[PDB]
Amino acid sequence: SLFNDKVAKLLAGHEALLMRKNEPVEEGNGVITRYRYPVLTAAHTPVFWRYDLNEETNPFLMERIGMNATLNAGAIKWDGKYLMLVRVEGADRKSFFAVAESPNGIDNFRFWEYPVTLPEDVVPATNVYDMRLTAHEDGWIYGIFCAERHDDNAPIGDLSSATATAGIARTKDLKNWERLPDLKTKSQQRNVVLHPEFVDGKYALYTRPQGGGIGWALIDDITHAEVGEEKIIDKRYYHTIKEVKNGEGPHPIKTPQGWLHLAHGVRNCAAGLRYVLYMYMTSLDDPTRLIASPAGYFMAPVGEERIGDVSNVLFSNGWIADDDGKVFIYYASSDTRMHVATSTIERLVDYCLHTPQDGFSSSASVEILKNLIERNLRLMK
Amino acid sequence: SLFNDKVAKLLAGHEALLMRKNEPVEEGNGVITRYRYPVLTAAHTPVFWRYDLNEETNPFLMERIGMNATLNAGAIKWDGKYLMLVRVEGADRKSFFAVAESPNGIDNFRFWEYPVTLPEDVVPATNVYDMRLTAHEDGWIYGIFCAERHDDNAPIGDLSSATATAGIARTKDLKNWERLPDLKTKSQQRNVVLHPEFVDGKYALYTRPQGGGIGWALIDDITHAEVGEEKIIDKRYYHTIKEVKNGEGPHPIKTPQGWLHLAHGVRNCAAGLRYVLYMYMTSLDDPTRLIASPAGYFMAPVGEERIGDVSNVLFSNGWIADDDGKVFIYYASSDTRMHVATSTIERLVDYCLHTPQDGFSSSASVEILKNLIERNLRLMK
Amino acid sequence: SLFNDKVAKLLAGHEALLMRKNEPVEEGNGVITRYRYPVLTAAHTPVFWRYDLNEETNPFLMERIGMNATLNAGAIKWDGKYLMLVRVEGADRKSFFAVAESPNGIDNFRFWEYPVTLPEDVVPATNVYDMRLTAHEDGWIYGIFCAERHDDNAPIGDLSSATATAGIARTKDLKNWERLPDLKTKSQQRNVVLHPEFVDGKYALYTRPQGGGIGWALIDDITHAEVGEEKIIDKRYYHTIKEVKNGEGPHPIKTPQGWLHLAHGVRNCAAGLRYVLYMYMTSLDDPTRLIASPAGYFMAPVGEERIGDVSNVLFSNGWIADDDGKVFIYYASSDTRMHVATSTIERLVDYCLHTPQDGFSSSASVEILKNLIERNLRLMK
Amino acid sequence: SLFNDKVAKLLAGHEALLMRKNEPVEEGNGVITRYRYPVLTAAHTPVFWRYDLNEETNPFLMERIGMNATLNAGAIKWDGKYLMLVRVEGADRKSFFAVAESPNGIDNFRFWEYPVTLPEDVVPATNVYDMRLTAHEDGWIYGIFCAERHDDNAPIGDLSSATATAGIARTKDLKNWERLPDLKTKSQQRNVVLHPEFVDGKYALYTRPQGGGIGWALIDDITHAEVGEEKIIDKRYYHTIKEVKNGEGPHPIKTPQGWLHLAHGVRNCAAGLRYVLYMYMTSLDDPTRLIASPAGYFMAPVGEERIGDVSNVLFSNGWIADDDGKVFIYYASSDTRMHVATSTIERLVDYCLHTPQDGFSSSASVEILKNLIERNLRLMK
Amino acid sequence: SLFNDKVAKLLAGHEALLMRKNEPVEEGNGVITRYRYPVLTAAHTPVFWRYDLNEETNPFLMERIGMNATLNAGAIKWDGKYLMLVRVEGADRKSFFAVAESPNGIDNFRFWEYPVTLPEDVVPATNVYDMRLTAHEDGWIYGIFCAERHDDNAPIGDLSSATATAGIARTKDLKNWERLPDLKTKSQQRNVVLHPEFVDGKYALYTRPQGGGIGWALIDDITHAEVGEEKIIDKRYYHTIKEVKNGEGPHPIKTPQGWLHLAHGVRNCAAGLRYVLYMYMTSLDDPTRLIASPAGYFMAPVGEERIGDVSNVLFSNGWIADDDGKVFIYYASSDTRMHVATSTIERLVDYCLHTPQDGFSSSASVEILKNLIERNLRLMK
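These protein sequences, in sequence, are chains A, A', A'', B and B'. A prime marks a further copy of an entry chain. FYI, the numbering for the first sequence is 2 to 211, 220 to 390, going by PDB author numbering. FYI, the numbering for the second sequence is 2 to 211, 220 to 390, going by PDB author numbering. FYI, the numbering for the third sequence is 2 to 211, 220 to 390, going by PDB author numbering. FYI, the numbering for the fourth sequence is 2 to 211, 220 to 390, going by PDB author numbering. FYI, the numbering for the fifth sequence is 2 to 211, 220 to 390, going by PDB author numbering.
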């Protein structure tokens, strides 16, 4: 029948998209390798999420639930597979979480048939987004996320003012989730991330109070989490890529040289807010102590990445490092699609350690550059 | 001569562009079909609008009047032809109206040789734009549009503050237009649209006071139009595609199931304001009563649509429904170019009736999705 | 070795990019001709600016200093060569100046091996940008630029508020620069440009106080420059391409018909600020007196130009006119890359003189258009 | 499992290829419409024809039986479907027959899971090819094909000299085939085709003895087929597209205006033999009598059709005419792949009836052309 | 200097071409992997082979010696590099030999600055071509090639009749070559190839007398080479890919399973002669005894390979097998350009051993196919 042929074609076209082999982009900077195709787009959501496949109830075979974007995803290496904890935004402008898994980490990501069911905390949330997964040494996988609500105290007709808390859930299977109480805090918090080890026998959170920058907060009890003392670890600075805002991405990776961090930085321009990624390192002995601050951005929007629902944005709240040192960086572009970039622990550490630090002025930048040119011209002689 | 050959080539290249056959995009959602090419761009304006073709007065053969964009167009089925009432914006940043006609509704749109001459109302307007055409049962074609003026009461050096009224003109031929008095109103009005039938023996306007949403106002005399009582029909809602603003597009289409509406909704993001299209239905018995509110957006910017003078925008103030049920939706992208999308009355009604309503939260969205997945997995067994 | 082969390939790929022949875009308006490729991108900076080429110190061969953009460039015809004074922005978000030279003016631009070393004035600057070069009749080449500093008087956590002065440097070789004192002024100044001739035996600056528009200021002593009397030459106007801001681009070109100017104009839209280029002419007898104001924009973003770090922007602070009348216009798109467009003095003068002036309303625009259509239809008879 | 993922990708890529929607080629001559994609290629053969899918016996997952080409196909409308009787050539250079079916006639052709099993005649054949299907009024489907054997008369070392008979098989289901005795004949026969009606109560064959052209032979008993008298119906002519050889393609279509034929014509050139398609018509009253001989070729190799294993060839032995007059022409290009072209009975009859006949010389061709030009120029005034 | 810039651009474009990274073709049959780009083309010859770079003697900078094709190349692993012994054909239609080397075997092949100087034998040759290199156990590298001369027996006016001998040269450095006497033989020989081991204490040649197929001849003294007894190892067969001619390609690779051979097979068609590659294996114990004859062709012209000076041809006289079993197959397409395809010894042996043998008829091919289908469908259940 015409209907059944149409359903067959949707399924076949979908499988072809899902199985497409990704290819590295040859042109790169030696630090990261980009890939030709996104790892996930709205079109990667299953056909049976969007269409009602029953001819009786959907004779025109049209989509009943539109999917708009797949973005800002957490990530975890899980039972030999590479998993994203995807933020999926529907046509209805709400986001929900959904696991997608790949055997190799650069392609063939497929969504689990059901997305994530996340119980509400005592106060219901309107939107939830941007989950960072942490396999904590206490044996749980934590998901720390943003739970946003309308600010019910706003001028009449203001339907845009919102508040947001750090949501905390934990799971041992990524299917059955327990919702712990939202983080208690004096300042608004976003980009809250769980450090994977106890510090002074306490849970440690990366925070972003709103604000000096990315903060560090020790938490006695994750099941009754409340920020007391808060210490800024990485600061915003005038005329850097992290002038207006910054925030931790995924939880850092432990290396013999220190904690390796991936964050985002914001500045304002004539087109709005511009988001790029940057890296920094902190000490193993004292994770609150910066030991590497390479200048500038680590990644910024290139090509297709520049354009989407919220253009001029790269964002990451997920990456995976394999035992062999290979690193898979999962980053959204323009709040619309997910990409992968690959590097190694050794390369990322070298990049952090030997990219000159920002001296904070045109003159300082020129002098660092002139020094490198001078060394190179001597060599090329 | 070299000059005459150059003129010949401009004309021939122009005819080739105008006559290009459009092709549907195969990949779609079953609700609407997009097309490969815009129906109108600035390059579609006639050569004799832009160049002085006289070698005596333009020996270099350069354009004397630049055309920048063709956008937010009204539409009407007219004497067997498919017509857009185009908003054409010159290089000078002023807009004017111009009729363009096509024999088939998806391509070969050509501008009438002269654009629209629209008399001023008592108070002259600086810019006029976004006309909605209504073949009213009183036998006139009305054009309701935005007439914008500088707010002559602004801080010194403020050359941006403006006010805008609903302009009302009517015609029986689309060439000779009578300008009626601007709509009198307490609130600023934009996106004002004439309903094509008398209601309680009065003219009925869709309004957008600035604001709760899209309003309904009965008008005793269209030749002395003044808003008295105003009733909101479709509301803005927090964390939907219509959070910050919304507005009626073209006048709705009457179906046996009710009035079928096309509107735009706005939200703010890091890149500015984001405009998408959405649909809703109201009752035949009481056009002020909503009977269908499918969740989310109906159309959002895809691909080339995402980019233009005002990126991240879809807008529509025109569509045509033929007697056979075929619907032609004329929509601008990014304030730069006009596109067509096609559907049918039956499909648009089904989309409005069976796309689940927005339950207004991530949890609600997940539950609707999980229900559809469950039905589908059972079927696919 | 693998390393040496990798270095060889970087160098060879770089030379191939640098030597690529540009091609004109056939489709144009008869005023300017665009070209297929940018004249400069971040990828045009030398390999030895970005990589440490020593295997001992960079065994992974990764970039040590990222280059982000090449934009808003000055320009000068210099010893038979076509030179841009490029604003180069590093990954660190600081800009510095660098000379790039081409034998033909449309391609094969190559950076001088070292960028520009510019001494600080008494008060150090954080960022310097957008230099306009003027070969003044006093025998110096002046560079007038923007020197930006953080406004150290801002609310706590405000790391974005800044001030900016007009920096003044001069040189006779473009390598050794003398820094004169920053321009003293009551209003903030940007887009300050040196007129190439003494006027009433004084230095003359184009200014942009922040503001009525582009101003004119006579300066007794360029080595102790201070604005006293200031006169607006070209005004901002409501609902034009220069509504919110405007500013002089490069210094004007002298023609027998008057001074030929290139400027930028800004308006606000839903996507942010939109920058286009426009032209005007002033009198030889009195350079403060406008004699030509063609309506609208001269150039606006087309295609690839629309997208970049700061989208929806064209900017120019440099052009070259050869003795034969050929004009090379160097313009940035989207704060990301440099382009060239070509015309002639005769064509640019004709464009300024015979593009109708803006009558400032939709009605006025329609009437000018209807007049041209009428002339053309008569001719085409 | 890497292997299982690999098999899954093979099947998925194959289904995507099979299901691809064909699209009409816009540019045409008003007689036939070509399509963007072939209807069949070697890649269309089932994955399970080529690969051993068992990891135990094929751990490297390589092809065990290469498929080289899908060409010269018969065709039949069968149980509401559009069927090709494909000549499939393996890498081993032998051809075999296989049914492929499509729901619509222009795409989604899929091979039946098993190819055709054809019993040998008394003398076994080395290669069998080019089957023409005829649903005869006697209630059988006949396939008349070429059965080729090495020539025993050949000298030692001559492994190329071959002979061919017309094979005759019949079936009621296209799965179980009865092989009747090879056509007995004094001359070598190829391109033998069964007319679908008895004529004078006898079976009628189109023949091609080798040679005046396409012949007509009445046969008393198809189960003991032997040509006696043969009449030439369509002749070869010096300096036409059918100079060296010609041959009937599929059996002709009956129209109210006569029998509509499709054939191939051959000429020799510097690159070898060049094959094109041509048409002619014969009388209903006397199918041996020509009633239309449009000049020249009907179709010749265009674009991708020009190249293959045997370049510069179009060949057809299959077409389908639906009740509504729509015609689907299945033609191979360059002995490599199968294409479809569409027309209607009315258009094909008009083409045959009103394309001027070949007057056989440059001067005659010029006179026909000048007469048409004269008519058109008079019209265009 | 315009000239010097032009020379610099020639060298830069050439280095870019030479250094281009090759990429594997994704779609393959599991036996061999093709690559996106040729390894060599006429354009790969050094700029200084073609242009006179002296402005005094070549002021227009045009080519003084055109290069037409790079084809039928021998190959050898040499001092850790991958070398082709290229047949380079000039515009003058003579071929000569030239070494080209690559660090990796799939790209970055570069010609040695001088081509091969090969001393004539007693009777000078007009053209020399198609060299097979054999690193023989006697410690020499032999090149056995074709040496062609005009046939003196030809009639006046016949300038095409030619004769060919097997040329024999040897070297220890691929620069200084010793020419041994041409192979003495009763029949014309071509595709003569030296086996790399003594057999019964004698040199062993693969021969192709003209003709039963590929022959085997033991030679006492390679410095006075004369064929006595010849045994045919691989035969031509009617209606296979090796019907008209066949010939050994490069010398075979020794594997634990036997000698692995690569050869070419020829058949005639309407477009001329069609050349494909095929494989066979012979016994280690007795290299004259066939132990594997996979049916059909191993590789045939695909895509761009189909077209060139002599279309419809693949040809190979060179391949390299590394210690790790990786195999690089160097094959010309259409006598015009050189390609690489990769496999492994294990895969090639499996291909030869488990591709069913040719049963020599359509019915046999069908039976082999139906057996595989049956196995797969049972599996797929």
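Positions of the beta carbon are idealized from the N, C-alpha and C atoms, including for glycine.
Just so you know, the alpha carbons of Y143/B' and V236/B' end up roughly 17 Å apart. Straight through space, the alpha carbons of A170/A' and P120/A' are spaced by roughly 9 Å.
Closer than 9 Å at the C-beta level to chain B, one finds these residues of the segment 4-15 of chain A: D6, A9, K10, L12, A13, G14.
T232/B' carries a helical assignment under DSSP once its states are collapsed to helix, strand and coil. Of the residues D93/A'', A226/A'', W178/A'', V322/A'', the one whose Cα lies closest to the Cα of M68/A'' is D93/A''. Rounded to the nearest whole angstrom, the C-alpha separation of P182/A and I231/A is 9 Å. If you check each beta-carbon in the segment 314-328 of chain A' against every beta-carbon of chain A'', the ones closer than 8 Å belong to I316, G317, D318, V319, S320, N321, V322.
In this chain, the beta strand (DSSP E) harbouring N326/A'' covers 323-330.
At a C-beta separation below 9 Å, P182/A'' has no neighbours in chain A, since its nearest C-beta there lies roughly 17 Å away.
Using a Cβ distance threshold of 8 Å, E238/A and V194/A do not count as a contacting pair.
At a cut-off of 8 Å between beta-carbon atoms, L271/A' makes no contact with chain A.
With fewer than 16 neighbouring CB atoms inside 10 Å of its own CB, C278/B falls in the exposed class.
When the beta-carbon positions are compared, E252/B' and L160/B come within less than 8 Å of each other. With 16 or more other Cβ atoms from the protein chains shown falling within 10 Å of its own Cβ, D367/A counts as buried.
Scanning its chain for C-beta atoms nearer than 7 Å, with the 5 sequence neighbours on each side dropped, one finds around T264/B' the residues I354, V358, in chain order.
Annotated three-state conformation of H45/A'' is helix, per DSSP. Interface flag for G305/B' against chain B is set, since a Cβ pair is found closer than 8 Å. Short of 7 Å from the beta carbon of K7/A', and not among the five residues preceding or following it, lie these beta carbons of its own chain, in chain order: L62. Judged by DSSP in its simplified three-state form, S96/A' adopts strand. Cβ-Cβ distances below 7 Å link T345/A to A70, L72, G317, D318 in the same chain, with the five nearest sequence neighbours on each side left out; the list follows chain order. Nearest to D153/A'' by C-alpha distance, out of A126/A'', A9/A'', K390/A'', is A126/A''. Counting C-beta atoms within 10 angstroms of its own C-beta, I377/B' has 16 or more neighbours from the protein chains shown and is therefore classed as buried.
When DSSP states are grouped into helix, strand and coil, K251/B' belongs to the coil group. The count of Cβ pairs closer than 8 Å, one atom from the segment 379-386 of chain B' and one from the segment 74-94 of chain B', stays below three, leaving the stretches out of contact. At a beta-carbon threshold of 7 Å, the residues of chain B lying near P104/A are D6, ordered along the chain. Here DSSP, grouped into helix, strand and coil, assigns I316/A' to coil. Residue environment for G81/B': exposed (fewer than 16 other C-beta atoms within 10 angstroms of its C-beta). Excluding sequence positions up to five before and after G29/B, its CB lies within less than 8 Å of the CB of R35, all in the same chain and listed in chain order.
Residue state for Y360/A'' is assigned as helix, using DSSP reduced to three classes. Rounded to whole angstroms, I338/B and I33/B show a C-alpha spacing of 9 Å.
DSSP places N5/B' in the helix class (H, G or I) of the three-state scheme.
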